[PDB]
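Student: Below is the file query_28.pdb, which contains PDB, C-alpha atoms.
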MODEL        1
ATOM      1  CA  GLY A   1      14.257 -21.883  -1.193
ATOM      2  CA  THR A   2      12.457 -18.804  -2.495
ATOM      3  CA  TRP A   3       9.203 -18.261  -0.603
ATOM      4  CA  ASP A   4      11.374 -17.147   2.315
ATOM      5  CA  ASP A   5      13.599 -14.949   0.153
ATOM      6  CA  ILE A   6      10.512 -13.039  -0.980
ATOM      7  CA  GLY A   7      11.250 -10.661   1.878
ATOM      8  CA  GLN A   8      15.034 -10.823   1.610
ATOM      9  CA  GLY A   9      14.721  -7.967  -0.864
ATOM     10  CA  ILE A  10      13.316  -9.179  -4.176
ATOM     11  CA  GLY A  11      12.499  -5.541  -4.864
ATOM     12  CA  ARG A  12      12.460  -3.218  -1.861
ATOM     13  CA  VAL A  13       9.871  -5.525  -0.296
ATOM     14  CA  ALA A  14      11.145  -4.534   3.147
ATOM     15  CA  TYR A  15      11.003  -0.771   2.615
ATOM     16  CA  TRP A  16       7.687  -1.312   0.835
ATOM     17  CA  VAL A  17       5.880  -3.390   3.459
ATOM     18  CA  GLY A  18       7.119  -1.168   6.269
ATOM     19  CA  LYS A  19       6.121   1.905   4.278
ATOM     20  CA  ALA A  20       2.640   0.600   3.473
ATOM     21  CA  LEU A  21       2.006  -0.629   7.016
ATOM     22  CA  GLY A  22       2.689   2.850   8.359
ATOM     23  CA  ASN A  23       1.330   4.690   5.330
ATOM     24  CA  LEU A  24      -1.472   7.263   5.339
ATOM     25  CA  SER A  25      -1.685   8.998   1.962
ATOM     26  CA  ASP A  26      -3.449   5.849   0.764
ATOM     27  CA  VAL A  27      -6.443   6.567   2.998
ATOM     28  CA  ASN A  28      -6.545  10.157   1.745
ATOM     29  CA  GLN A  29      -7.160   9.053  -1.842
ATOM     30  CA  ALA A  30      -9.532   6.251  -0.846
ATOM     31  CA  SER A  31     -11.410   8.794   1.268
ATOM     32  CA  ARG A  32     -12.279  10.789  -1.851
ATOM     33  CA  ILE A  33     -13.385   7.817  -3.950
ATOM     34  CA  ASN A  34     -15.609   6.711  -1.069
ATOM     35  CA  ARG A  35     -17.635   9.916  -0.771
ATOM     36  CA  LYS A  36     -17.476  10.349  -4.547
ATOM     37  CA  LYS A  37     -18.934   6.905  -5.239
ATOM     38  CA  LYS A  38     -21.629   7.048  -2.558
ATOM     39  CA  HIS A  39     -22.067  10.726  -3.429
TER
ENDMDL
END
For this file, produce the structure as structure tokens.
Tutor:
Amino acid sequence: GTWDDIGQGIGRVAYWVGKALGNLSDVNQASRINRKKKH
């Protein structure tokens, strides 16, 4: 198949997903655009 191999490691998908799931810096940036947009 292939749809199942998508996580096998098509491109650091494992380290990526796990990194994004437990990320934080993402919220930091989005926190600025939020107050900046709504002023």
Student: Enter the distance from CA of residue 4 in chain A to CA of residue 23 in chain A, in Å, rounded to one decimal.
Tutor: 24.2 Å
Student: How big is the axis-aligned box around the listed atoms of range 33-38 of chain A once 3 Å is added on each side, and where is its centre? Give both in Å to one decimal, as lines of an AutoDock Vina configuration file.
Tutor:
center_x = -17.5
center_y = 8.5
center_z = -3.0
size_x = 14.2
size_y = 9.6
size_z = 10.5
Student: Between CA of residue 26 in chain A and CA of residue 14 in chain A, what is the distance, to one decimal in Å?
Tutor: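 Pair CA of residue 26 in chain A / CA of residue 14 in chain A returns 18.1 Å.
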Student: Record the distance separating CA of residue 25 in chain A and CA of residue 9 in chain A, expressed in Å with one decimal.
Tutor: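 If I compute the distance from CA of residue 25 in chain A to CA of residue 9 in chain A, I get 23.8 Å.
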